[PDB]
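Student: Just one file: final-v1.cif, with mmCIF, N, CA and C atoms and all ligand atoms.
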```cif
data_query
loop_
_atom_site.label_atom_id
_atom_site.label_comp_id
_atom_site.auth_asym_id
_atom_site.auth_seq_id
_atom_site.Cartn_x
_atom_site.Cartn_y
_atom_site.Cartn_z
N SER A 42 0.86 -1.22 0.00
CA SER A 42 0.00 0.00 0.00
C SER A 42 0.88 1.25 0.00
N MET A 43 0.36 2.38 -0.51
CA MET A 43 1.16 3.61 -0.79
C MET A 43 0.38 4.88 -0.44
N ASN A 44 1.01 5.74 0.35
CA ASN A 44 0.59 7.14 0.61
C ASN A 44 1.25 8.05 -0.42
N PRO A 45 0.61 9.18 -0.79
CA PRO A 45 1.27 10.19 -1.61
C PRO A 45 2.24 10.99 -0.75
N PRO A 46 3.13 11.80 -1.35
CA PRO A 46 3.89 12.77 -0.58
C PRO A 46 2.89 13.70 0.09
N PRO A 47 3.23 14.31 1.25
CA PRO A 47 2.30 15.21 1.94
C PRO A 47 2.08 16.47 1.11
N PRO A 48 1.06 17.29 1.44
CA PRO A 48 0.93 18.60 0.82
C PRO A 48 2.19 19.43 1.09
N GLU A 49 2.45 20.39 0.21
CA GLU A 49 3.60 21.32 0.31
C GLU A 49 3.46 22.16 1.58
N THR A 50 4.54 22.30 2.36
CA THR A 50 4.60 23.18 3.56
C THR A 50 5.76 24.17 3.46
N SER A 51 6.61 24.03 2.44
CA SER A 51 7.77 24.91 2.17
C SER A 51 7.85 25.18 0.67
N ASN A 52 8.03 26.45 0.29
CA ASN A 52 8.23 26.87 -1.12
C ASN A 52 8.84 28.26 -1.12
N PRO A 53 10.19 28.39 -1.13
CA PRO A 53 10.84 29.70 -1.03
C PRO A 53 10.38 30.78 -2.01
N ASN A 54 9.95 30.40 -3.22
CA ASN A 54 9.57 31.35 -4.30
C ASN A 54 8.09 31.72 -4.17
N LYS A 55 7.31 31.03 -3.33
CA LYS A 55 5.90 31.40 -3.05
C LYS A 55 5.90 32.67 -2.21
N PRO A 56 5.16 33.73 -2.61
CA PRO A 56 5.07 34.94 -1.79
C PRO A 56 4.30 34.65 -0.49
N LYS A 57 4.75 35.26 0.60
CA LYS A 57 4.29 35.01 1.99
C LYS A 57 4.03 36.35 2.68
N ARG A 58 3.10 36.36 3.64
CA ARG A 58 2.95 37.50 4.58
C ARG A 58 2.76 36.99 6.00
N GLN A 59 3.07 37.87 6.96
CA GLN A 59 2.74 37.72 8.40
C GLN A 59 1.77 38.86 8.76
N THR A 60 0.50 38.51 8.97
CA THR A 60 -0.63 39.46 9.11
C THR A 60 -1.41 39.12 10.38
N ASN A 61 -2.19 40.07 10.89
CA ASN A 61 -2.99 39.89 12.12
C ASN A 61 -4.01 38.77 11.90
N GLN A 62 -4.60 38.67 10.71
CA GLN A 62 -5.59 37.60 10.39
C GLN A 62 -4.89 36.24 10.41
N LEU A 63 -3.71 36.11 9.80
CA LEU A 63 -2.97 34.82 9.79
C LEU A 63 -2.47 34.50 11.21
N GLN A 64 -2.09 35.51 12.00
CA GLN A 64 -1.68 35.32 13.42
C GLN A 64 -2.87 34.75 14.20
N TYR A 65 -4.07 35.27 13.95
CA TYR A 65 -5.34 34.82 14.57
C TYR A 65 -5.61 33.36 14.18
N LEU A 66 -5.38 33.00 12.92
CA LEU A 66 -5.62 31.62 12.43
C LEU A 66 -4.72 30.63 13.17
N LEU A 67 -3.51 31.03 13.58
CA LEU A 67 -2.60 30.15 14.38
C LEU A 67 -2.98 30.21 15.86
N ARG A 68 -2.98 31.41 16.45
CA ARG A 68 -3.08 31.61 17.92
C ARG A 68 -4.48 31.22 18.42
N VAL A 69 -5.53 31.44 17.62
CA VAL A 69 -6.93 31.16 18.04
C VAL A 69 -7.44 29.90 17.33
N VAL A 70 -7.53 29.92 16.00
CA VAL A 70 -8.30 28.88 15.25
C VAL A 70 -7.56 27.54 15.36
N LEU A 71 -6.30 27.46 14.91
CA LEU A 71 -5.53 26.18 14.91
C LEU A 71 -5.40 25.68 16.35
N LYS A 72 -5.00 26.54 17.28
CA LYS A 72 -4.71 26.11 18.68
C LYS A 72 -6.00 25.61 19.35
N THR A 73 -7.15 26.22 19.07
CA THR A 73 -8.46 25.80 19.63
C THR A 73 -8.81 24.39 19.13
N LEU A 74 -8.69 24.14 17.82
CA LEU A 74 -9.04 22.83 17.23
C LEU A 74 -8.00 21.78 17.64
N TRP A 75 -6.72 22.16 17.70
CA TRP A 75 -5.59 21.23 17.97
C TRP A 75 -5.73 20.56 19.34
N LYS A 76 -6.20 21.29 20.35
CA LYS A 76 -6.26 20.82 21.76
C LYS A 76 -7.54 20.02 22.01
N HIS A 77 -8.48 20.01 21.06
CA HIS A 77 -9.80 19.35 21.19
C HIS A 77 -9.61 17.83 21.34
N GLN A 78 -10.49 17.18 22.10
CA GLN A 78 -10.42 15.71 22.35
C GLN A 78 -10.55 14.93 21.04
N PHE A 79 -11.14 15.53 20.00
CA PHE A 79 -11.41 14.87 18.69
C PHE A 79 -10.40 15.30 17.62
N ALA A 80 -9.32 16.00 17.99
CA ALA A 80 -8.30 16.52 17.05
C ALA A 80 -7.48 15.38 16.41
N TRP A 81 -7.20 14.31 17.16
CA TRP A 81 -6.10 13.36 16.82
C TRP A 81 -6.21 12.81 15.40
N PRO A 82 -7.39 12.46 14.83
CA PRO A 82 -7.41 11.91 13.47
C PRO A 82 -7.02 12.93 12.39
N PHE A 83 -7.00 14.22 12.76
CA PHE A 83 -6.80 15.37 11.84
C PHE A 83 -5.44 16.03 12.07
N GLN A 84 -4.59 15.48 12.96
CA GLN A 84 -3.31 16.15 13.35
C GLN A 84 -2.17 15.78 12.40
N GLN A 85 -2.42 14.93 11.40
CA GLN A 85 -1.41 14.49 10.41
C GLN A 85 -2.12 14.00 9.16
N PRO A 86 -1.43 13.92 8.01
CA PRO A 86 -2.02 13.31 6.82
C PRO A 86 -2.60 11.92 7.10
N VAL A 87 -3.70 11.60 6.43
CA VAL A 87 -4.31 10.24 6.49
C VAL A 87 -3.25 9.23 6.05
N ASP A 88 -2.92 8.29 6.93
CA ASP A 88 -2.05 7.14 6.61
C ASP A 88 -2.96 6.01 6.12
N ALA A 89 -3.18 5.95 4.81
CA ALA A 89 -4.06 4.97 4.13
C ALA A 89 -3.51 3.55 4.29
N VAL A 90 -2.20 3.39 4.52
CA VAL A 90 -1.57 2.06 4.75
C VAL A 90 -1.96 1.59 6.16
N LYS A 91 -1.57 2.35 7.18
CA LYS A 91 -1.86 2.08 8.61
C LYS A 91 -3.37 1.84 8.81
N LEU A 92 -4.22 2.68 8.22
CA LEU A 92 -5.68 2.68 8.47
C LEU A 92 -6.41 1.74 7.50
N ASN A 93 -5.68 1.07 6.60
CA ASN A 93 -6.25 0.10 5.63
C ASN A 93 -7.37 0.77 4.84
N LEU A 94 -7.07 1.91 4.22
CA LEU A 94 -8.00 2.69 3.36
C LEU A 94 -7.41 2.78 1.96
N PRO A 95 -7.31 1.65 1.22
CA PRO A 95 -6.58 1.63 -0.04
C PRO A 95 -7.19 2.53 -1.13
N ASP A 96 -8.47 2.90 -0.99
CA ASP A 96 -9.18 3.78 -1.95
C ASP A 96 -9.14 5.25 -1.52
N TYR A 97 -8.57 5.59 -0.35
CA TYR A 97 -8.66 6.98 0.19
C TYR A 97 -8.14 7.98 -0.85
N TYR A 98 -6.94 7.75 -1.39
CA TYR A 98 -6.25 8.72 -2.27
C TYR A 98 -6.67 8.51 -3.73
N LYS A 99 -7.59 7.58 -3.99
CA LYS A 99 -8.30 7.45 -5.30
C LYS A 99 -9.51 8.39 -5.30
N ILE A 100 -10.08 8.67 -4.12
CA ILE A 100 -11.30 9.51 -3.94
C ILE A 100 -10.89 10.94 -3.55
N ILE A 101 -9.92 11.07 -2.64
CA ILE A 101 -9.48 12.38 -2.08
C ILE A 101 -8.22 12.84 -2.82
N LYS A 102 -8.37 13.83 -3.71
CA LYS A 102 -7.30 14.31 -4.63
C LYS A 102 -6.68 15.61 -4.11
N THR A 103 -7.30 16.27 -3.13
CA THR A 103 -6.71 17.44 -2.43
C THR A 103 -6.69 17.14 -0.94
N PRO A 104 -5.80 16.23 -0.48
CA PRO A 104 -5.72 15.89 0.93
C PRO A 104 -5.31 17.12 1.75
N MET A 105 -5.84 17.24 2.96
CA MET A 105 -5.42 18.32 3.89
C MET A 105 -5.70 17.89 5.32
N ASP A 106 -4.87 18.36 6.24
CA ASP A 106 -4.90 17.97 7.67
C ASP A 106 -4.37 19.14 8.50
N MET A 107 -4.62 19.13 9.80
CA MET A 107 -4.19 20.24 10.69
C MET A 107 -2.68 20.18 10.93
N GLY A 108 -2.04 19.01 10.79
CA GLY A 108 -0.57 18.91 10.87
C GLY A 108 0.07 19.77 9.79
N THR A 109 -0.40 19.61 8.55
CA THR A 109 0.02 20.42 7.38
C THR A 109 -0.32 21.90 7.61
N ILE A 110 -1.53 22.20 8.07
CA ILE A 110 -1.96 23.60 8.32
C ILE A 110 -1.08 24.22 9.41
N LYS A 111 -0.81 23.48 10.49
CA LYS A 111 0.08 23.93 11.59
C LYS A 111 1.46 24.30 11.03
N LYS A 112 2.03 23.44 10.18
CA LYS A 112 3.36 23.68 9.54
C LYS A 112 3.28 24.93 8.65
N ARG A 113 2.22 25.06 7.86
CA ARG A 113 2.04 26.21 6.93
C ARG A 113 1.98 27.51 7.73
N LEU A 114 1.24 27.54 8.84
CA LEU A 114 1.13 28.76 9.69
C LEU A 114 2.48 29.04 10.37
N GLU A 115 3.11 28.03 10.95
CA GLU A 115 4.35 28.19 11.75
C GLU A 115 5.53 28.57 10.84
N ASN A 116 5.50 28.15 9.57
CA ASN A 116 6.60 28.41 8.60
C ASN A 116 6.20 29.56 7.66
N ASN A 117 5.14 30.29 7.99
CA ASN A 117 4.67 31.50 7.25
C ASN A 117 4.59 31.15 5.75
N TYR A 118 3.76 30.17 5.41
CA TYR A 118 3.60 29.63 4.03
C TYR A 118 2.54 30.43 3.26
N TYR A 119 1.60 31.06 3.97
CA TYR A 119 0.40 31.67 3.36
C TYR A 119 0.65 33.13 2.99
N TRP A 120 -0.04 33.58 1.94
CA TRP A 120 -0.19 35.00 1.55
C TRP A 120 -1.34 35.65 2.34
N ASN A 121 -2.46 34.94 2.52
CA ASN A 121 -3.67 35.55 3.14
C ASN A 121 -4.44 34.50 3.95
N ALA A 122 -5.39 34.97 4.77
CA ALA A 122 -6.24 34.15 5.65
C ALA A 122 -7.10 33.20 4.80
N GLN A 123 -7.60 33.67 3.66
CA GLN A 123 -8.53 32.88 2.80
C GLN A 123 -7.85 31.57 2.37
N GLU A 124 -6.55 31.61 2.07
CA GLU A 124 -5.75 30.40 1.73
C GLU A 124 -5.84 29.38 2.86
N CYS A 125 -5.65 29.84 4.09
CA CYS A 125 -5.62 28.98 5.30
C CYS A 125 -7.04 28.46 5.59
N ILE A 126 -8.03 29.35 5.52
CA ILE A 126 -9.46 28.99 5.72
C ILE A 126 -9.85 27.91 4.70
N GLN A 127 -9.37 28.02 3.45
CA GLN A 127 -9.65 27.00 2.40
C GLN A 127 -9.08 25.65 2.83
N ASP A 128 -7.87 25.63 3.41
CA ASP A 128 -7.22 24.37 3.87
C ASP A 128 -8.12 23.69 4.91
N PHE A 129 -8.61 24.43 5.91
CA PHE A 129 -9.53 23.87 6.94
C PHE A 129 -10.77 23.30 6.25
N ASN A 130 -11.37 24.06 5.35
CA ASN A 130 -12.63 23.65 4.67
C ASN A 130 -12.36 22.42 3.79
N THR A 131 -11.20 22.35 3.12
CA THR A 131 -10.80 21.15 2.34
C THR A 131 -10.74 19.94 3.28
N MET A 132 -10.10 20.09 4.44
CA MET A 132 -9.95 18.99 5.43
C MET A 132 -11.34 18.47 5.83
N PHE A 133 -12.27 19.36 6.18
CA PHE A 133 -13.62 18.95 6.64
C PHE A 133 -14.35 18.27 5.48
N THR A 134 -14.34 18.90 4.30
CA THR A 134 -15.04 18.40 3.09
C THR A 134 -14.53 16.99 2.74
N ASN A 135 -13.21 16.79 2.73
CA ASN A 135 -12.60 15.46 2.46
C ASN A 135 -13.21 14.42 3.40
N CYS A 136 -13.31 14.75 4.69
CA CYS A 136 -13.83 13.84 5.73
C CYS A 136 -15.27 13.44 5.38
N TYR A 137 -16.10 14.41 5.01
CA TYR A 137 -17.54 14.20 4.73
C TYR A 137 -17.72 13.44 3.41
N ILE A 138 -16.86 13.71 2.43
CA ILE A 138 -16.89 13.02 1.10
C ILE A 138 -16.51 11.55 1.29
N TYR A 139 -15.41 11.27 1.97
CA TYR A 139 -14.87 9.89 2.06
C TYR A 139 -15.75 9.02 2.96
N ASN A 140 -16.23 9.57 4.08
CA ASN A 140 -16.88 8.77 5.15
C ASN A 140 -18.40 8.81 4.98
N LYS A 141 -19.11 8.07 5.83
CA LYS A 141 -20.59 7.93 5.81
C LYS A 141 -21.19 8.81 6.91
N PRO A 142 -22.43 9.31 6.76
CA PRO A 142 -23.06 10.11 7.80
C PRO A 142 -23.14 9.32 9.12
N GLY A 143 -22.84 9.97 10.24
CA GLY A 143 -22.95 9.35 11.58
C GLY A 143 -21.75 8.49 11.95
N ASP A 144 -20.80 8.28 11.02
CA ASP A 144 -19.49 7.67 11.35
C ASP A 144 -18.84 8.49 12.46
N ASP A 145 -18.08 7.83 13.34
CA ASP A 145 -17.35 8.50 14.46
C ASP A 145 -16.49 9.63 13.89
N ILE A 146 -15.75 9.39 12.81
CA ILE A 146 -14.81 10.39 12.23
C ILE A 146 -15.60 11.62 11.76
N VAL A 147 -16.81 11.42 11.23
CA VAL A 147 -17.68 12.54 10.74
C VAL A 147 -18.17 13.35 11.95
N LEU A 148 -18.61 12.68 13.02
CA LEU A 148 -19.04 13.35 14.28
C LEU A 148 -17.87 14.17 14.85
N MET A 149 -16.65 13.64 14.76
CA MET A 149 -15.43 14.34 15.25
C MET A 149 -15.18 15.57 14.38
N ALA A 150 -15.22 15.43 13.06
CA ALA A 150 -15.06 16.56 12.11
C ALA A 150 -16.13 17.63 12.39
N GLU A 151 -17.38 17.23 12.63
CA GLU A 151 -18.50 18.17 12.84
C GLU A 151 -18.24 19.01 14.10
N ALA A 152 -17.72 18.39 15.17
CA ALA A 152 -17.43 19.07 16.45
C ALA A 152 -16.32 20.11 16.23
N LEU A 153 -15.27 19.75 15.50
CA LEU A 153 -14.14 20.67 15.21
C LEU A 153 -14.64 21.80 14.31
N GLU A 154 -15.48 21.48 13.32
CA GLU A 154 -15.99 22.46 12.33
C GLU A 154 -16.88 23.49 13.05
N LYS A 155 -17.66 23.06 14.04
CA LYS A 155 -18.52 24.00 14.81
C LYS A 155 -17.64 25.07 15.47
N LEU A 156 -16.54 24.66 16.09
CA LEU A 156 -15.60 25.59 16.76
C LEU A 156 -14.91 26.46 15.70
N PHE A 157 -14.49 25.86 14.59
CA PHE A 157 -13.86 26.57 13.45
C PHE A 157 -14.77 27.72 13.00
N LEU A 158 -16.05 27.43 12.75
CA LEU A 158 -17.02 28.44 12.25
C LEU A 158 -17.21 29.55 13.29
N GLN A 159 -17.25 29.20 14.57
CA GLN A 159 -17.38 30.17 15.69
C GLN A 159 -16.17 31.12 15.66
N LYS A 160 -14.96 30.58 15.52
CA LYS A 160 -13.71 31.40 15.53
C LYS A 160 -13.61 32.23 14.25
N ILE A 161 -13.95 31.67 13.08
CA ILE A 161 -13.85 32.40 11.77
C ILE A 161 -14.87 33.55 11.77
N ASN A 162 -16.01 33.36 12.44
CA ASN A 162 -17.04 34.41 12.59
C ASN A 162 -16.42 35.67 13.21
N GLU A 163 -15.41 35.50 14.08
CA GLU A 163 -14.77 36.61 14.84
C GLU A 163 -13.37 36.89 14.28
N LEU A 164 -13.11 36.52 13.02
CA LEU A 164 -11.84 36.86 12.32
C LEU A 164 -11.69 38.38 12.38
N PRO A 165 -10.59 38.92 12.95
CA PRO A 165 -10.45 40.37 13.10
C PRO A 165 -10.30 41.05 11.73
N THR A 166 -10.63 42.33 11.64
CA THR A 166 -10.41 43.13 10.40
C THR A 166 -8.90 43.25 10.19
N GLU A 167 -8.46 43.28 8.93
CA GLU A 167 -7.05 43.51 8.54
C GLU A 167 -6.56 44.83 9.14
N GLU A 168 -5.34 44.84 9.69
CA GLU A 168 -4.63 46.08 10.11
C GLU A 168 -4.09 46.78 8.87
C1 LIG A 201 -9.29 11.88 8.39
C2 LIG A 201 -10.10 10.66 8.10
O1 LIG A 201 -11.05 10.68 7.33
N1 LIG A 201 -9.70 9.53 8.75
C3 LIG A 201 -10.30 8.25 8.69
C4 LIG A 201 -11.11 7.81 7.62
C5 LIG A 201 -11.67 6.54 7.65
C6 LIG A 201 -11.45 5.69 8.73
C7 LIG A 201 -12.02 4.30 8.84
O2 LIG A 201 -11.43 3.43 9.47
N2 LIG A 201 -13.21 4.07 8.27
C8 LIG A 201 -13.87 2.78 8.33
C9 LIG A 201 -13.36 1.82 7.27
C10 LIG A 201 -13.72 2.22 5.87
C11 LIG A 201 -14.86 2.81 5.41
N3 LIG A 201 -14.69 2.98 4.07
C12 LIG A 201 -13.48 2.50 3.75
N4 LIG A 201 -12.86 2.02 4.81
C13 LIG A 201 -10.65 6.12 9.78
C14 LIG A 201 -10.08 7.38 9.77
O3 LIG A 201 -9.29 7.90 10.77
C15 LIG A 201 -8.97 7.07 11.91
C16 LIG A 201 -10.15 6.95 12.85
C17 LIG A 201 -10.73 5.71 13.11
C18 LIG A 201 -11.81 5.61 13.97
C19 LIG A 201 -12.30 6.73 14.60
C20 LIG A 201 -11.73 7.96 14.36
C21 LIG A 201 -10.65 8.06 13.49
#
```
Translate this structure into structure tokens?
Tutor:
Amino acid sequence: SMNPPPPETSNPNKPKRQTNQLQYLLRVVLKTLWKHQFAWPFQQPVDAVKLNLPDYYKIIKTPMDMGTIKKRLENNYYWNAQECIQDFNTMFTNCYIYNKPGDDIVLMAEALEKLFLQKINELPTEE
């Protein structure tokens, strides 16, 4: 069985910024979801070998996880908040696409997404 390489977390030629909105996405949004009791399945790329999901990367073509998002925020990979918000939404959408309604992993994603939406609602205005 085979995993793909992880999503990109380093690209020197990609333009980057350090902004109050991206600081908020690390200090509030990522840290709030990361410490949650249901974070663990989302803290690293899906290991389709370990988890015996041989069709995962046949169905999910834009994989994303909070481990990757944490690295992107900590290594100042993003230009804007919308890029980072898209990564979170990709992660949740992948979970709902691959899994069945009422699956434990879907209930876990839904709990994290509720907190995500609460925090994004209070995204501060750009300085
Ligand atoms: C991020 C994500 O979607 N992860 C997972 C997806 C599918 C399964 C999984 O095992 N699904 C059941 C087997 C299945 C269904 N369709 C194909 N294989 C387990 C997963 O993460 C580990 C886990 C296991 C149990 C509770 C919480 C997290």
Student: Can you pull out every residue from chain A that DSSP, working from the backbone, puts in alpha helix (DSSP H), and format the result as a short mmCIF file (atom, residue, chain, number, x, y, z; two decimals) with N, CA and C atoms, in the frame of the given file?
Tutor:
```
data_model
loop_
_atom_site.label_atom_id
_atom_site.label_comp_id
_atom_site.auth_asym_id
_atom_site.auth_seq_id
_atom_site.Cartn_x
_atom_site.Cartn_y
_atom_site.Cartn_z
N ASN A 61 -2.19 40.07 10.89
CA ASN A 61 -2.99 39.89 12.12
C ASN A 61 -4.01 38.77 11.90
N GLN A 62 -4.60 38.67 10.71
CA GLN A 62 -5.59 37.60 10.39
C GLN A 62 -4.89 36.24 10.41
N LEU A 63 -3.71 36.11 9.80
CA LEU A 63 -2.97 34.82 9.79
C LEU A 63 -2.47 34.50 11.21
N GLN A 64 -2.09 35.51 12.00
CA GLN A 64 -1.68 35.32 13.42
C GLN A 64 -2.87 34.75 14.20
N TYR A 65 -4.07 35.27 13.95
CA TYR A 65 -5.34 34.82 14.57
C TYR A 65 -5.61 33.36 14.18
N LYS A 72 -5.00 26.54 17.28
CA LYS A 72 -4.71 26.11 18.68
C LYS A 72 -6.00 25.61 19.35
N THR A 73 -7.15 26.22 19.07
CA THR A 73 -8.46 25.80 19.63
C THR A 73 -8.81 24.39 19.13
N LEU A 74 -8.69 24.14 17.82
CA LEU A 74 -9.04 22.83 17.23
C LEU A 74 -8.00 21.78 17.64
N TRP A 75 -6.72 22.16 17.70
CA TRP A 75 -5.59 21.23 17.97
C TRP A 75 -5.73 20.56 19.34
N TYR A 97 -8.57 5.59 -0.35
CA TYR A 97 -8.66 6.98 0.19
C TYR A 97 -8.14 7.98 -0.85
N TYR A 98 -6.94 7.75 -1.39
CA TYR A 98 -6.25 8.72 -2.27
C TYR A 98 -6.67 8.51 -3.73
N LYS A 99 -7.59 7.58 -3.99
CA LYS A 99 -8.30 7.45 -5.30
C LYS A 99 -9.51 8.39 -5.30
N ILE A 100 -10.08 8.67 -4.12
CA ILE A 100 -11.30 9.51 -3.94
C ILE A 100 -10.89 10.94 -3.55
N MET A 107 -4.62 19.13 9.80
CA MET A 107 -4.19 20.24 10.69
C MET A 107 -2.68 20.18 10.93
N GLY A 108 -2.04 19.01 10.79
CA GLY A 108 -0.57 18.91 10.87
C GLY A 108 0.07 19.77 9.79
N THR A 109 -0.40 19.61 8.55
CA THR A 109 0.02 20.42 7.38
C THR A 109 -0.32 21.90 7.61
N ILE A 110 -1.53 22.20 8.07
CA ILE A 110 -1.96 23.60 8.32
C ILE A 110 -1.08 24.22 9.41
N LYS A 111 -0.81 23.48 10.49
CA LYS A 111 0.08 23.93 11.59
C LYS A 111 1.46 24.30 11.03
N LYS A 112 2.03 23.44 10.18
CA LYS A 112 3.36 23.68 9.54
C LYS A 112 3.28 24.93 8.65
N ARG A 113 2.22 25.06 7.86
CA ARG A 113 2.04 26.21 6.93
C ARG A 113 1.98 27.51 7.73
N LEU A 114 1.24 27.54 8.84
CA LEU A 114 1.13 28.76 9.69
C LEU A 114 2.48 29.04 10.37
N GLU A 115 3.11 28.03 10.95
CA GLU A 115 4.35 28.19 11.75
C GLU A 115 5.53 28.57 10.84
N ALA A 122 -5.39 34.97 4.77
CA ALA A 122 -6.24 34.15 5.65
C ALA A 122 -7.10 33.20 4.80
N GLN A 123 -7.60 33.67 3.66
CA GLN A 123 -8.53 32.88 2.80
C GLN A 123 -7.85 31.57 2.37
N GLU A 124 -6.55 31.61 2.07
CA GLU A 124 -5.75 30.40 1.73
C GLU A 124 -5.84 29.38 2.86
N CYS A 125 -5.65 29.84 4.09
CA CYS A 125 -5.62 28.98 5.30
C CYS A 125 -7.04 28.46 5.59
N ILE A 126 -8.03 29.35 5.52
CA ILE A 126 -9.46 28.99 5.72
C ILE A 126 -9.85 27.91 4.70
N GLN A 127 -9.37 28.02 3.45
CA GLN A 127 -9.65 27.00 2.40
C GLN A 127 -9.08 25.65 2.83
N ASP A 128 -7.87 25.63 3.41
CA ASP A 128 -7.22 24.37 3.87
C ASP A 128 -8.12 23.69 4.91
N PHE A 129 -8.61 24.43 5.91
CA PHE A 129 -9.53 23.87 6.94
C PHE A 129 -10.77 23.30 6.25
N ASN A 130 -11.37 24.06 5.35
CA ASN A 130 -12.63 23.65 4.67
C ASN A 130 -12.36 22.42 3.79
N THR A 131 -11.20 22.35 3.12
CA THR A 131 -10.80 21.15 2.34
C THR A 131 -10.74 19.94 3.28
N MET A 132 -10.10 20.09 4.44
CA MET A 132 -9.95 18.99 5.43
C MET A 132 -11.34 18.47 5.83
N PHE A 133 -12.27 19.36 6.18
CA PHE A 133 -13.62 18.95 6.64
C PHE A 133 -14.35 18.27 5.48
N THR A 134 -14.34 18.90 4.30
CA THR A 134 -15.04 18.40 3.09
C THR A 134 -14.53 16.99 2.74
N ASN A 135 -13.21 16.79 2.73
CA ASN A 135 -12.60 15.46 2.46
C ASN A 135 -13.21 14.42 3.40
N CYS A 136 -13.31 14.75 4.69
CA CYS A 136 -13.83 13.84 5.73
C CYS A 136 -15.27 13.44 5.38
N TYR A 137 -16.10 14.41 5.01
CA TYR A 137 -17.54 14.20 4.73
C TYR A 137 -17.72 13.44 3.41
N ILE A 138 -16.86 13.71 2.43
CA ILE A 138 -16.89 13.02 1.10
C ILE A 138 -16.51 11.55 1.29
N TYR A 139 -15.41 11.27 1.97
CA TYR A 139 -14.87 9.89 2.06
C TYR A 139 -15.75 9.02 2.96
N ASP A 145 -18.08 7.83 13.34
CA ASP A 145 -17.35 8.50 14.46
C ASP A 145 -16.49 9.63 13.89
N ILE A 146 -15.75 9.39 12.81
CA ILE A 146 -14.81 10.39 12.23
C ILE A 146 -15.60 11.62 11.76
N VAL A 147 -16.81 11.42 11.23
CA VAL A 147 -17.68 12.54 10.74
C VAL A 147 -18.17 13.35 11.95
N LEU A 148 -18.61 12.68 13.02
CA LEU A 148 -19.04 13.35 14.28
C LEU A 148 -17.87 14.17 14.85
N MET A 149 -16.65 13.64 14.76
CA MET A 149 -15.43 14.34 15.25
C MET A 149 -15.18 15.57 14.38
N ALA A 150 -15.22 15.43 13.06
CA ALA A 150 -15.06 16.56 12.11
C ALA A 150 -16.13 17.63 12.39
N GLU A 151 -17.38 17.23 12.63
CA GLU A 151 -18.50 18.17 12.84
C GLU A 151 -18.24 19.01 14.10
N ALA A 152 -17.72 18.39 15.17
CA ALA A 152 -17.43 19.07 16.45
C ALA A 152 -16.32 20.11 16.23
N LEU A 153 -15.27 19.75 15.50
CA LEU A 153 -14.14 20.67 15.21
C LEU A 153 -14.64 21.80 14.31
N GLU A 154 -15.48 21.48 13.32
CA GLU A 154 -15.99 22.46 12.33
C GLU A 154 -16.88 23.49 13.05
N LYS A 155 -17.66 23.06 14.04
CA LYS A 155 -18.52 24.00 14.81
C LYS A 155 -17.64 25.07 15.47
N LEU A 156 -16.54 24.66 16.09
CA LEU A 156 -15.60 25.59 16.76
C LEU A 156 -14.91 26.46 15.70
N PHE A 157 -14.49 25.86 14.59
CA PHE A 157 -13.86 26.57 13.45
C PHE A 157 -14.77 27.72 13.00
N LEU A 158 -16.05 27.43 12.75
CA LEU A 158 -17.02 28.44 12.25
C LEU A 158 -17.21 29.55 13.29
N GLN A 159 -17.25 29.20 14.57
CA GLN A 159 -17.38 30.17 15.69
C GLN A 159 -16.17 31.12 15.66
N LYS A 160 -14.96 30.58 15.52
CA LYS A 160 -13.71 31.40 15.53
C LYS A 160 -13.61 32.23 14.25
N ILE A 161 -13.95 31.67 13.08
CA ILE A 161 -13.85 32.40 11.77
C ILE A 161 -14.87 33.55 11.77
N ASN A 162 -16.01 33.36 12.44
CA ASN A 162 -17.04 34.41 12.59
C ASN A 162 -16.42 35.67 13.21
#
```
Student: Counting all atoms listed in the file, which of A:90, A:75, A:62, A:82 gets nearest to residue 146 in chain A?
Tutor: A:82
Student: Expressed in Å to a single decimal, how great is the separation between atom N of residue 58 in chain A and atom C of residue 110 in chain A?
Tutor: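 Answer for the atom N of residue 58 in chain A to atom C of residue 110 in chain A separation: 14.1 Å.
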Student: Check the smallest atom-to-atom distance from each of A:119, A:164, A:152, A:130 to residue 54 in chain A using only C-alpha atoms, then report the winner.
Tutor: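 Of all the options, A:119 lies closest to residue 54 in chain A.
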Student: Nearest to residue 116 in chain A: which of A:167, A:61, A:70, A:51 is it, counting all atoms listed in the file?
Tutor: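 Among the listed residues, A:51 lies closest to residue 116 in chain A.
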Student: So which one's closest to residue 80 in chain A, A:131, A:65, A:150, A:143? Using all atoms listed in the file, please.
Tutor: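 With all atoms listed in the file as the atom set, the closest residue is A:150.
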Student: For residue 161 in chain A, list every protein, DNA or RNA residue within 12 Å, evaluated using only C-alpha atoms, and leave out those in the same chain fewer than 3 positions away; present the list as a PyMOL selection string.
Tutor: chain A and resi 62-63+65-67+69-71+73+122-123+125-127+129-130+154-158+164-166
Student: How many Å lie between CA of residue 112 in chain A and atom C of residue 52 in chain A, rounded to one decimal?
Tutor: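 These two atoms are separated by 12.8 Å.
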Student: For each of A:118, A:76, A:133, A:168, take the minimum atom-to-atom distance to residue 55 in chain A, counting only N, CA and C atoms, then give the residue where this is smallest.
Tutor: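 Looking only at the distances to residue 55 in chain A, the closest residue turns out to be A:118.
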Student: Could you tell me how far CA of residue 142 in chain A sits from CA of residue 48 in chain A, in Å to one decimal place?
Tutor: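 Separation between CA of residue 48 in chain A and CA of residue 142 in chain A: 26.4 Å.
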